[PDB]
Amino acid sequence: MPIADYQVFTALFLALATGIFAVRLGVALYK
Amino acid sequence: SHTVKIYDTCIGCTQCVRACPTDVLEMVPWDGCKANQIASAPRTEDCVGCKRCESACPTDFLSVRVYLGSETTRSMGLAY
Amino acid sequence: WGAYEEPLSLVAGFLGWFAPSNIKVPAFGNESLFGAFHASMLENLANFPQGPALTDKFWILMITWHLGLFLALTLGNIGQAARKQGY
Amino acid sequence: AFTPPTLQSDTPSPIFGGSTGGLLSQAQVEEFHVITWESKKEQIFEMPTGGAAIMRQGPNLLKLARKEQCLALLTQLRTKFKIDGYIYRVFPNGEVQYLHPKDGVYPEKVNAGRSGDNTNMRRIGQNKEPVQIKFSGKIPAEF
Amino acid sequence: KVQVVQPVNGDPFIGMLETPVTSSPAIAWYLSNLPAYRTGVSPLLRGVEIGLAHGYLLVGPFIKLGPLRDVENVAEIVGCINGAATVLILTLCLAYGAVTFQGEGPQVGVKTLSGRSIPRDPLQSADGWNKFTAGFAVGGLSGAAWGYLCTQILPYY
Amino acid sequence: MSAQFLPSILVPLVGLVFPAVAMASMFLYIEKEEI
Amino acid sequence: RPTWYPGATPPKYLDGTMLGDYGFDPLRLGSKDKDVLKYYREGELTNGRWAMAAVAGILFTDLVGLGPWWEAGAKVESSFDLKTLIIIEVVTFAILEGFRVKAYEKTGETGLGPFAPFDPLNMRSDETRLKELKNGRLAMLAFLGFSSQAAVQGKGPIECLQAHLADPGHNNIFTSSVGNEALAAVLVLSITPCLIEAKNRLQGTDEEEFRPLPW
Amino acid sequence: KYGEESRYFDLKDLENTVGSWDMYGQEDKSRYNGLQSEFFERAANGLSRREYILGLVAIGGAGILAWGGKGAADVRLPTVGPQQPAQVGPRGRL
Ligand code: CLA
Ligand code: CLA
């Protein structure tokens with residue numbers, strides 16, 4: 001049962017949210 | 001802009017002053033050595049860091065020390 | 001000249017107008033250096049359409065003729081501007 | 001009783017044919033230096049930027065980029081032609097600042113009346129430990 | 001007895017020399033008539049001309065050497081490639097303008113070789129570079145577009 | 001693989017768009033005079 | 001002032017002078033230059049007007065029983081070849097857009113042809129402008145939903161509504177082919193305001209050195 | 001600089017003593033035709049702003065993504081094309 005396209009899209013969206021958290025942490029570290 | 005320092009171990013031989021290629025050191029009156037003169041670095045802004053003054057100091061250890069720090073257009077010896 | 005500062009004086013035309021007078025002299029073989037060069041130029045295509053192939057008689061003739069012409073041009077210009085070699 | 005001598009703009013320059021090692025664009029937006037000396041005769045000397053120039057008989061003025069070039073030329077003049085010169089720093093705005101012979105007396109000679117700047121009254125090994133001045137933008141030699 | 005090599009503007013203490021390559025009358029005229037050395041012309045027009053020339057001369061390389069050079073549709077692919085290259089050098093010009101022109105300072109004046117005072121080139125300004133960059137985009141894209149048309153036209157080719 | 005079109009879009013984005021954008025932003029930031 | 005979520009703190013530059021100011025701009029796209037913000041508003045209004053016209057047309061064709069709007073492009077039969085229609089549309093739109101450009105460069109707003117404000121009925125006011133902005137935004141989301149429903153579902157604006165009314169619990173976006181992705185969006189968005197509140201509590205609202213999308 | 005003789009230094013004319021010359025620049029406002037100049041300045045009207053000119057560059061970024069998702073397949077790129085058979089490997093593998 002290979003992963004479907006919707007699973008890849010969901011993973012990419014979750015990665016986008018994780019990247020947003022990462023950029024927030026980076027901004028906090030810069031300060 | 002390097003940090004140049006002179007210590008009381010100096011004997012006033014004036015060799016470091018003659019070896020400076022940018023006129024950074026000079027001799028001023030003193031009373032801690034037989035020569036009655038000490039070295040000074042009033043124009044450290046013109047120091048390039050060649051350390052020629054240290055190669056001429058005969059005291060052990062050296063009486064003049066150069067600590068390389070922030071680089072400027074003059075300390076880097078840039079003509080452009 | 002009209003433009004530039006080129007020392008190539010107008011009176012110095014003798015370079016290019018005298019070199020042929022000597023290069024046209026026959027050299028026993030064939031008929032003449034300039035004659036052979038001109039014949040090749042007019043026969044092996046008018047040095048523009050197709051081409052002189054790879055390593056042809058025209059190539060060596062053109063190189064030798066231009067070598068002589070250029071050397072005469074430059075040496076004569078130097079001599080004429082030097083005023084009886086005053087340097 | 002010494003005062004910095006003013007820089008005369010009427011001083012002629014040495015006979016030089018020109019070179020590519022002269023002033024660049026830094027002198028137009030940052031600064032440059034000028035060395036003026038007095039020669040008793042017209043003689044050939046070596047320039048710090050490459051080539052050979054001819055110093056005239058009388059006052060000579062030469063504009064260079066770095067102060068080290070002017071000092072090297074002065075060293076050559078002092079050790080070869082026994083000529084004393086003055087070095088000034090010129091800014092694009094037009095300000096001239098006296099340099100090298102600061103008090104008219106060469107630095108190698110004590111003048112009694114100078115500033116004993118940067119002269120620690122301790123030994124090289126009597127400086128504070130690096131761990132004792134941690135979290136301070138200073139080196140042990142500045143204490 | 002003539003000396004064709006002289007110091008730049010008679011000054012022998014400037015890092016430059018005057019040679020028949022730099023001070024040649026014809027060379028000086030041609031170099032001075034380029035769109036880059038027009039202090040009195042609008043930077044946008046000069047940028048348009050520069051972009052047109054650069055965009056037109058930039059198609060050829062990909063046309064005759066691109067990965068799809070052996071295909072009939074090479075002209076179109078290359079036109080797009082030149083457009084991309086023009087856009088890239090466009091962002092390069094913008095970055096250079098934003099970094100170079102961001103502050104003001106009482107700079108020294110500018111004079112001609114004779115000694116006639118002239119104002120600084122308007123191209124060396126925040127707004128001057130922006131206008132020049134905009135003209136380069138229009139001209140650069142137009143030059144690449146004209147490069148494709150020349151391929152279709154031009155009876156010889 | 002599912003969604004075969006994704007690599008054809010993500011590879012150029014991470015190798016061409018993202019690097020150009022990052023380099024331009026870094027170049028504009030390391031020469032700001034007043035950050 | 002109502003915001004894009006209860007208790008939301010609008011940015012410093014989003015004081016409220018502009019119409020439809022709900023303090024929404026997480027990327028800070030128009031927080032640098034004011035002229036760029038004005039151009040952004042003009043673009044938003046243009047997109048909204050086009051969206052309202054498109055939504056009205058799509059709904060009208062669906063109510064009269066015409067075929068799908070997305071498929072209507074190939075179901076039009078009349079004179080004028082496709083190329084001729086393209087050329088005519090390009091020329092007329094070029095002149096119309098040029099006139100609109102001049103109108104924006106003069107009065108700072110849109111217009112129709114040489115008429116800078118174009119208001120024969122004189123129905124221009126700050127209160128009427130807010131209606132246009134909000135209606136345009138609603139129409140933009142309506143068209144986005146139309147396209148999304150046409151892609152996910154095989155129905156139109158009316159057929160999708162009928163299908164939902166038939167079984168609201170089983171005919172929704174979370175039960176379609178994009179439900180999983182949708183489930184991941186809501187779950188994240190549902191916690192987005194609260195998380196922002198945390199930033200406004202532990203960190204505070206003392207601005208930030210950078211902007212998400214500088215531009 | 002007052003280089004009337006051998007003096008290449010002048011405080012009153014320090015601008016000429018630092019080699020600040022245009023060398024090739026020439027101010028002249030009579031060249032490009034008015035009708036053609038108007039067309040170009042009109043074409044590049046609002047494209048003179050940093051944000052707007054960057055937008056044109058952003059189009060190039062979209063074209064890059066468009067090529068990968070469509071342009072690469074239309075030029076029949078080998079990576080977007082098909083594959084023929086395969087091999088087994090050194091030993092009994094795949
Ligand atoms: C200098 C070495 C060199 C050279 C000559 C080439 C040349 C080429 N490469 Mg290549 N490449 C190289 C190094 C080189 N490569 C290296 C080191 C790598 C590995 C990192 C690659 C990886 C690579 C790949 C992956 C590909 C190529 C491809 C190509 C071809 C098309 C590329 C192209 O059109 O670019 C653009 C060319 C220009 C924009 C023109 C710039 C140069 C102009 C002519 C300068 C002219 C200056 C002019 C004379 C100035 C005079 C003043 C004026 C007033 C006259 C082309 C023949 C492509 C191909 O398919 O091969 C067929 C391709 O896919 N290369
Ligand atoms: C650090 C882990 C990691 C690494 C090294 C890679 C590497 C790669 N990925 Mg991948 N990816 C990852 C995580 C990772 N991925 C995760 C967690 C997901 C789930 C969302 C994905 C989803 C994904 C997809 C859908 C695709 C790739 C693809 C690719 C290939 C091309 C890159 C690309 O353009 O896609 C872009 C990658 C993303 C958009 C998501 C990656 C985000 C990661 C987590 C960022 C990590 C940054 C890192 C921790 C910080 C280092 C600093 C650095 C940025 C300077 C490449 C070999 C493409 C491929 O298959 O090529 C054929 C492709 O289409 N990845």
# chains A, B, ... in the order shown; residues from 1 in each chain; ligands from 1
$ interface_residues --of "chain H" --to "chain D" --cutoff "6 Å" --atoms "only C-alpha atoms" --output "PyMOL selection string"
chain H and resi 6-7+9-10+18
$ select_by_dssp --residues "chain A" --states "alpha helix (DSSP H)" --output "MDAnalysis selection string"
chainID A and resid 5:30
$ residues_near_ligand --ligand "ligand 2" --cutoff "6 Å" --atoms "only C-alpha atoms and all ligand atoms" --output "MDAnalysis selection string"
(chainID A and resid 11:12 15) or (chainID F and resid 6:7 10:11 14)
$ closest_residue --among "H:26, H:55, H:65, H:77" --to "ligand 1" --atoms "only C-alpha atoms and all ligand atoms"
H:77
$ atom_distance --atom1 "CA of residue 94 (chain E)" --atom2 "CA of residue 59 (chain E)"
22.4 Å
$ residues_near_ligand --ligand "ligand 1" --cutoff "9 Å" --atoms "only C-alpha atoms and all ligand atoms" --output "list in words"
residues 57, 58, 59, 60, 61, 62, 63, 64, 65, 66, 67, 68, 69, 78, 82 and 85 of chain E
$ interface_residues --of "chain F" --to "chain A" --cutoff "10 Å" --atoms "only C-alpha atoms" --output "list in words"
residues 1, 2, 3, 4 and 6 of chain F
$ residues_around --residues "region 60-63 of chain G" --least-positions-apart "6" --cutoff "8 Å" --atoms "only C-alpha atoms" --output "number ranges by chain"
G: 69, 156-158
$ closest_atom_pairs --of "chain G" --to "chain A" --cutoff "9 Å" --atoms "only C-alpha atoms" --output "tab-separated table"
residue	atom	partner	partner_atom	distance
G:177	CA	A:6	CA	8.0
G:178	CA	A:6	CA	6.9
G:179	CA	A:6	CA	8.8
G:180	CA	A:6	CA	6.8
G:181	CA	A:10	CA	5.2
G:182	CA	A:10	CA	8.6
G:183	CA	A:10	CA	9.0
G:184	CA	A:10	CA	6.5
G:185	CA	A:13	CA	7.9
G:188	CA	A:17	CA	8.1
G:208	CA	A:27	CA	8.4
G:209	CA	A:31	CA	8.2
G:210	CA	A:27	CA	8.2
$ write_last_selection --atoms "C-alpha atoms" --output "JSON list (two decimals), in the first residue's frame"
[["chain", "number", "residue", "atom", "x", "y", "z"],
["G", 177, "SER", "CA", -10.68, 13.61, -1.92],
["G", 178, "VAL", "CA", -9.05, 16.61, -0.21],
["G", 179, "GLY", "CA", -10.54, 16.01, 3.24],
["G", 180, "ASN", "CA", -7.32, 14.76, 4.82],
["G", 181, "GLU", "CA", -5.40, 17.85, 3.71],
["G", 182, "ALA", "CA", -8.29, 20.01, 4.89],
["G", 183, "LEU", "CA", -8.24, 18.24, 8.25],
["G", 184, "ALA", "CA", -4.58, 19.21, 8.57],
["G", 185, "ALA", "CA", -5.30, 22.86, 7.76],
["G", 188, "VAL", "CA", -3.40, 24.04, 12.48],
["G", 208, "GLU", "CA", 10.30, 42.66, 15.14],
["G", 209, "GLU", "CA", 13.61, 43.38, 13.43],
["G", 210, "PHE", "CA", 12.59, 41.66, 10.19]]
$ atom_distance --atom1 "CA of residue 58 (chain G)" --atom2 "CA of residue 126 (chain G)"
29.3 Å
$ residues_around --residues "region 72-89 of chain D" --least-positions-apart "4" --cutoff "10 Å" --atoms "only C-alpha atoms" --output "VMD selection string"
(chain B and resid 18 21 to 22) or (chain D and resid 4 to 7 31 to 40 43 45 to 49 59 to 68 94 to 102 104)
$ closest_atom_pairs --of "chain E" --to "chain H" --cutoff "8 Å" --atoms "only C-alpha atoms" --output "Markdown table"
| residue | atom | partner | partner_atom | distance |
| --- | --- | --- | --- | --- |
| E:10 | CA | H:3 | CA | 8.0 |
| E:11 | CA | H:8 | CA | 6.4 |
| E:14 | CA | H:19 | CA | 6.6 |
| E:28 | CA | H:24 | CA | 6.8 |
| E:31 | CA | H:24 | CA | 6.7 |
| E:32 | CA | H:24 | CA | 4.7 |
| E:37 | CA | H:25 | CA | 4.5 |
| E:38 | CA | H:26 | CA | 5.5 |
| E:39 | CA | H:27 | CA | 4.6 |
| E:40 | CA | H:27 | CA | 4.1 |
| E:41 | CA | H:29 | CA | 5.4 |
| E:44 | CA | H:41 | CA | 6.7 |
| E:45 | CA | H:37 | CA | 6.6 |
| E:48 | CA | H:40 | CA | 7.4 |
| E:84 | CA | H:60 | CA | 6.2 |
| E:87 | CA | H:57 | CA | 5.6 |
| E:88 | CA | H:57 | CA | 7.2 |
| E:90 | CA | H:57 | CA | 7.3 |
| E:91 | CA | H:57 | CA | 6.4 |
| E:94 | CA | H:50 | CA | 7.1 |
| E:108 | CA | H:15 | CA | 6.3 |
| E:109 | CA | H:15 | CA | 6.0 |
| E:110 | CA | H:20 | CA | 5.5 |
| E:111 | CA | H:21 | CA | 5.0 |
| E:112 | CA | H:21 | CA | 5.3 |
| E:113 | CA | H:23 | CA | 6.2 |
| E:115 | CA | H:16 | CA | 7.6 |
| E:130 | CA | H:48 | CA | 5.3 |
| E:131 | CA | H:48 | CA | 5.2 |
| E:133 | CA | H:48 | CA | 7.4 |
| E:134 | CA | H:48 | CA | 5.2 |
| E:135 | CA | H:44 | CA | 6.2 |
| E:138 | CA | H:44 | CA | 6.7 |
$ residues_around --residues "residue 103 (chain E)" --least-positions-apart "3" --cutoff "12 Å" --atoms "only C-alpha atoms" --output "count of residues only"
13
$ interface_residues --of "chain G" --to "chain H" --cutoff "10 Å" --atoms "only C-alpha atoms" --output "list in words"
residues 33, 36, 214 and 215 of chain G
$ atom_distance --atom1 "CA of residue 54 (chain B)" --atom2 "CA of residue 78 (chain B)"
22.6 Å
